[PDB]
>>> print(open('input-v2.cif').read())   # mmCIF, N, CA and C atoms; chains and numbers go by the auth columns
data_target
loop_
_atom_site.group_PDB
_atom_site.id
_atom_site.type_symbol
_atom_site.label_atom_id
_atom_site.label_comp_id
_atom_site.label_asym_id
_atom_site.label_seq_id
_atom_site.Cartn_x
_atom_site.Cartn_y
_atom_site.Cartn_z
_atom_site.B_iso_or_equiv
_atom_site.auth_seq_id
_atom_site.auth_asym_id
ATOM 1 N N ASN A 1 0.858 -1.219 0.000 0.00 1 A
ATOM 2 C CA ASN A 1 0.000 0.000 0.000 0.00 1 A
ATOM 3 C C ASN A 1 0.895 1.273 0.000 0.00 1 A
ATOM 4 N N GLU A 2 0.711 2.129 -1.025 0.00 2 A
ATOM 5 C CA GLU A 2 1.470 3.403 -1.209 0.00 2 A
ATOM 6 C C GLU A 2 1.477 4.399 -0.007 0.00 2 A
ATOM 7 N N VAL A 3 0.328 4.590 0.669 0.00 3 A
ATOM 8 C CA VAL A 3 0.200 5.473 1.863 0.00 3 A
ATOM 9 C C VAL A 3 1.022 4.904 3.063 0.00 3 A
ATOM 10 N N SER A 4 0.779 3.636 3.444 0.00 4 A
ATOM 11 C CA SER A 4 1.517 2.944 4.543 0.00 4 A
ATOM 12 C C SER A 4 3.076 2.950 4.394 0.00 4 A
ATOM 13 N N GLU A 5 3.599 2.561 3.209 0.00 5 A
ATOM 14 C CA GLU A 5 5.066 2.540 2.920 0.00 5 A
ATOM 15 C C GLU A 5 5.783 3.927 2.988 0.00 5 A
ATOM 16 N N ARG A 6 5.215 4.966 2.343 0.00 6 A
ATOM 17 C CA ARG A 6 5.784 6.344 2.333 0.00 6 A
ATOM 18 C C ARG A 6 5.732 7.081 3.708 0.00 6 A
ATOM 19 N N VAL A 7 4.633 6.984 4.496 0.00 7 A
ATOM 20 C CA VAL A 7 4.530 7.616 5.851 0.00 7 A
ATOM 21 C C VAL A 7 5.651 7.060 6.809 0.00 7 A
ATOM 22 N N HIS A 8 5.886 5.723 6.819 0.00 8 A
ATOM 23 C CA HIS A 8 6.938 5.052 7.618 0.00 8 A
ATOM 24 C C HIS A 8 8.369 5.615 7.353 0.00 8 A
ATOM 25 N N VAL A 9 8.778 5.684 6.063 0.00 9 A
ATOM 26 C CA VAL A 9 10.106 6.211 5.653 0.00 9 A
ATOM 27 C C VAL A 9 10.294 7.748 5.930 0.00 9 A
ATOM 28 N N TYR A 10 9.221 8.574 5.827 0.00 10 A
ATOM 29 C CA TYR A 10 9.269 10.036 6.117 0.00 10 A
ATOM 30 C C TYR A 10 9.496 10.344 7.637 0.00 10 A
ATOM 31 N N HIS A 11 8.814 9.633 8.566 0.00 11 A
ATOM 32 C CA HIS A 11 8.987 9.806 10.037 0.00 11 A
ATOM 33 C C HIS A 11 10.391 9.395 10.586 0.00 11 A
ATOM 34 N N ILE A 12 11.054 8.350 10.032 0.00 12 A
ATOM 35 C CA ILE A 12 12.426 7.919 10.455 0.00 12 A
ATOM 36 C C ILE A 12 13.456 9.071 10.158 0.00 12 A
ATOM 37 N N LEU A 13 13.487 9.615 8.919 0.00 13 A
ATOM 38 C CA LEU A 13 14.382 10.745 8.541 0.00 13 A
ATOM 39 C C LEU A 13 14.016 12.088 9.263 0.00 13 A
ATOM 40 N N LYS A 14 12.716 12.435 9.460 0.00 14 A
ATOM 41 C CA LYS A 14 12.303 13.676 10.179 0.00 14 A
ATOM 42 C C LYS A 14 12.748 13.749 11.677 0.00 14 A
ATOM 43 N N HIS A 15 12.552 12.657 12.443 0.00 15 A
ATOM 44 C CA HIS A 15 12.965 12.559 13.872 0.00 15 A
ATOM 45 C C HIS A 15 14.511 12.574 14.114 0.00 15 A
ATOM 46 N N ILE A 16 15.303 11.870 13.281 0.00 16 A
ATOM 47 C CA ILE A 16 16.790 11.807 13.410 0.00 16 A
ATOM 48 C C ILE A 16 17.457 13.158 12.965 0.00 16 A
ATOM 49 N N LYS A 17 17.182 13.671 11.744 0.00 17 A
ATOM 50 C CA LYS A 17 17.769 14.946 11.235 0.00 17 A
ATOM 51 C C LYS A 17 17.349 16.221 12.034 0.00 17 A
ATOM 52 N N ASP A 18 16.035 16.489 12.197 0.00 18 A
ATOM 53 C CA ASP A 18 15.533 17.660 12.980 0.00 18 A
ATOM 54 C C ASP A 18 15.778 17.545 14.518 0.00 18 A
ATOM 55 N N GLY A 19 15.461 16.390 15.144 0.00 19 A
ATOM 56 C CA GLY A 19 15.693 16.161 16.588 0.00 19 A
ATOM 57 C C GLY A 19 17.170 15.977 17.002 0.00 19 A
ATOM 58 N N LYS A 20 17.809 14.871 16.552 0.00 20 A
ATOM 59 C CA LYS A 20 19.254 14.529 16.859 0.00 20 A
ATOM 60 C C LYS A 20 19.405 13.781 18.221 0.00 20 A
#
>>> encode(input="input-v2.cif", output="structure tokens")
Amino acid sequence: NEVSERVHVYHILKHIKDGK
């Protein structure tokens, strides 16, 4: 499913790069 796969990959990069 296109919605399920893309939301998962966007949250991993947003939390590590912006948060640290």
>>> select_by_dssp(input="input-v2.cif", residues="chain A", states="alpha helix (DSSP H)", output="JSON, numbers by chain")
{"A": [2, 3, 4, 5, 6, 7, 8, 9, 10, 11, 12, 13, 14]}
>>> write_last_selection(input="input-v2.cif", atoms="N, CA and C atoms", output="compact mmCIF listing (two decimals), in the coordinates of the input")
# COMPACT_ATOMS: atom_id res chain seq x y z
N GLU A 2 0.71 2.13 -1.02
CA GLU A 2 1.47 3.40 -1.21
C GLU A 2 1.48 4.40 -0.01
N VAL A 3 0.33 4.59 0.67
CA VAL A 3 0.20 5.47 1.86
C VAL A 3 1.02 4.90 3.06
N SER A 4 0.78 3.64 3.44
CA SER A 4 1.52 2.94 4.54
C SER A 4 3.08 2.95 4.39
N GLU A 5 3.60 2.56 3.21
CA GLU A 5 5.07 2.54 2.92
C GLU A 5 5.78 3.93 2.99
N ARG A 6 5.22 4.97 2.34
CA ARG A 6 5.78 6.34 2.33
C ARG A 6 5.73 7.08 3.71
N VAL A 7 4.63 6.98 4.50
CA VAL A 7 4.53 7.62 5.85
C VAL A 7 5.65 7.06 6.81
N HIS A 8 5.89 5.72 6.82
CA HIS A 8 6.94 5.05 7.62
C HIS A 8 8.37 5.62 7.35
N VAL A 9 8.78 5.68 6.06
CA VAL A 9 10.11 6.21 5.65
C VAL A 9 10.29 7.75 5.93
N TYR A 10 9.22 8.57 5.83
CA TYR A 10 9.27 10.04 6.12
C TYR A 10 9.50 10.34 7.64
N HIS A 11 8.81 9.63 8.57
CA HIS A 11 8.99 9.81 10.04
C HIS A 11 10.39 9.40 10.59
N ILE A 12 11.05 8.35 10.03
CA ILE A 12 12.43 7.92 10.46
C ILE A 12 13.46 9.07 10.16
N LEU A 13 13.49 9.62 8.92
CA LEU A 13 14.38 10.74 8.54
C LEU A 13 14.02 12.09 9.26
N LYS A 14 12.72 12.44 9.46
CA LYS A 14 12.30 13.68 10.18
C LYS A 14 12.75 13.75 11.68
>>> atom_distance(input="input-v2.cif", atom1="CA of residue 1 (chain A)", atom2="CA of residue 18 (chain A)")
26.9 Å
>>> atom_distance(input="input-v2.cif", atom1="atom C of residue 19 (chain A)", atom2="atom N of residue 2 (chain A)")
28.1 Å
>>> build_atoms(input="input-v2.cif", residues="region 1-19 of chain A", atoms="N, CA, C and O atoms", output="PDB file, in the frame of the given file")
ATOM      1  N   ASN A   1       0.858  -1.219   0.000  1.00  0.00           N
ATOM      2  CA  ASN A   1       0.000   0.000   0.000  1.00  0.00           C
ATOM      3  C   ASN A   1       0.895   1.273   0.000  1.00  0.00           C
ATOM      4  O   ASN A   1       1.686   1.477   0.926  1.00  0.00           O
ATOM      5  N   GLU A   2       0.711   2.129  -1.025  1.00  0.00           N
ATOM      6  CA  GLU A   2       1.470   3.403  -1.209  1.00  0.00           C
ATOM      7  C   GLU A   2       1.477   4.399  -0.007  1.00  0.00           C
ATOM      8  O   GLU A   2       2.525   4.977   0.294  1.00  0.00           O
ATOM      9  N   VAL A   3       0.328   4.590   0.669  1.00  0.00           N
ATOM     10  CA  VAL A   3       0.200   5.473   1.863  1.00  0.00           C
ATOM     11  C   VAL A   3       1.022   4.904   3.063  1.00  0.00           C
ATOM     12  O   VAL A   3       1.878   5.613   3.597  1.00  0.00           O
ATOM     13  N   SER A   4       0.779   3.636   3.444  1.00  0.00           N
ATOM     14  CA  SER A   4       1.517   2.944   4.543  1.00  0.00           C
ATOM     15  C   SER A   4       3.076   2.950   4.394  1.00  0.00           C
ATOM     16  O   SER A   4       3.769   3.346   5.335  1.00  0.00           O
ATOM     17  N   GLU A   5       3.599   2.561   3.209  1.00  0.00           N
ATOM     18  CA  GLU A   5       5.066   2.540   2.920  1.00  0.00           C
ATOM     19  C   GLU A   5       5.783   3.927   2.988  1.00  0.00           C
ATOM     20  O   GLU A   5       6.824   4.036   3.639  1.00  0.00           O
ATOM     21  N   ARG A   6       5.215   4.966   2.343  1.00  0.00           N
ATOM     22  CA  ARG A   6       5.784   6.344   2.333  1.00  0.00           C
ATOM     23  C   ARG A   6       5.732   7.081   3.708  1.00  0.00           C
ATOM     24  O   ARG A   6       6.718   7.740   4.047  1.00  0.00           O
ATOM     25  N   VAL A   7       4.633   6.984   4.496  1.00  0.00           N
ATOM     26  CA  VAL A   7       4.530   7.616   5.851  1.00  0.00           C
ATOM     27  C   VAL A   7       5.651   7.060   6.809  1.00  0.00           C
ATOM     28  O   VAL A   7       6.291   7.855   7.502  1.00  0.00           O
ATOM     29  N   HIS A   8       5.886   5.723   6.819  1.00  0.00           N
ATOM     30  CA  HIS A   8       6.938   5.052   7.618  1.00  0.00           C
ATOM     31  C   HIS A   8       8.369   5.615   7.353  1.00  0.00           C
ATOM     32  O   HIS A   8       9.063   5.989   8.302  1.00  0.00           O
ATOM     33  N   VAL A   9       8.778   5.684   6.063  1.00  0.00           N
ATOM     34  CA  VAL A   9      10.106   6.211   5.653  1.00  0.00           C
ATOM     35  C   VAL A   9      10.294   7.748   5.930  1.00  0.00           C
ATOM     36  O   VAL A   9      11.414   8.163   6.243  1.00  0.00           O
ATOM     37  N   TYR A  10       9.221   8.574   5.827  1.00  0.00           N
ATOM     38  CA  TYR A  10       9.269  10.036   6.117  1.00  0.00           C
ATOM     39  C   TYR A  10       9.496  10.344   7.637  1.00  0.00           C
ATOM     40  O   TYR A  10      10.291  11.234   7.944  1.00  0.00           O
ATOM     41  N   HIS A  11       8.814   9.633   8.566  1.00  0.00           N
ATOM     42  CA  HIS A  11       8.987   9.806  10.037  1.00  0.00           C
ATOM     43  C   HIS A  11      10.391   9.395  10.586  1.00  0.00           C
ATOM     44  O   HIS A  11      10.859  10.041  11.528  1.00  0.00           O
ATOM     45  N   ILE A  12      11.054   8.350  10.032  1.00  0.00           N
ATOM     46  CA  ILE A  12      12.426   7.919  10.455  1.00  0.00           C
ATOM     47  C   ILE A  12      13.456   9.071  10.158  1.00  0.00           C
ATOM     48  O   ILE A  12      14.195   9.457  11.067  1.00  0.00           O
ATOM     49  N   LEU A  13      13.487   9.615   8.919  1.00  0.00           N
ATOM     50  CA  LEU A  13      14.382  10.745   8.541  1.00  0.00           C
ATOM     51  C   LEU A  13      14.016  12.088   9.263  1.00  0.00           C
ATOM     52  O   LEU A  13      14.943  12.793   9.667  1.00  0.00           O
ATOM     53  N   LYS A  14      12.716  12.435   9.460  1.00  0.00           N
ATOM     54  CA  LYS A  14      12.303  13.676  10.179  1.00  0.00           C
ATOM     55  C   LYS A  14      12.748  13.749  11.677  1.00  0.00           C
ATOM     56  O   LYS A  14      13.260  14.783  12.109  1.00  0.00           O
ATOM     57  N   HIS A  15      12.552  12.657  12.443  1.00  0.00           N
ATOM     58  CA  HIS A  15      12.965  12.559  13.872  1.00  0.00           C
ATOM     59  C   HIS A  15      14.511  12.574  14.114  1.00  0.00           C
ATOM     60  O   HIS A  15      14.962  13.217  15.066  1.00  0.00           O
ATOM     61  N   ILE A  16      15.303  11.870  13.281  1.00  0.00           N
ATOM     62  CA  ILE A  16      16.790  11.807  13.410  1.00  0.00           C
ATOM     63  C   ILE A  16      17.457  13.158  12.965  1.00  0.00           C
ATOM     64  O   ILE A  16      18.216  13.722  13.756  1.00  0.00           O
ATOM     65  N   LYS A  17      17.182  13.671  11.744  1.00  0.00           N
ATOM     66  CA  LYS A  17      17.769  14.946  11.235  1.00  0.00           C
ATOM     67  C   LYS A  17      17.349  16.221  12.034  1.00  0.00           C
ATOM     68  O   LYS A  17      18.232  16.945  12.502  1.00  0.00           O
ATOM     69  N   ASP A  18      16.035  16.489  12.197  1.00  0.00           N
ATOM     70  CA  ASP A  18      15.533  17.660  12.980  1.00  0.00           C
ATOM     71  C   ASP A  18      15.778  17.545  14.518  1.00  0.00           C
ATOM     72  O   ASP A  18      16.262  18.509  15.119  1.00  0.00           O
ATOM     73  N   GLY A  19      15.461  16.390  15.144  1.00  0.00           N
ATOM     74  CA  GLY A  19      15.693  16.161  16.588  1.00  0.00           C
ATOM     75  C   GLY A  19      17.170  15.977  17.002  1.00  0.00           C
ATOM     76  O   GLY A  19      17.694  16.828  17.723  1.00  0.00           O
TER      77      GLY A  19
END
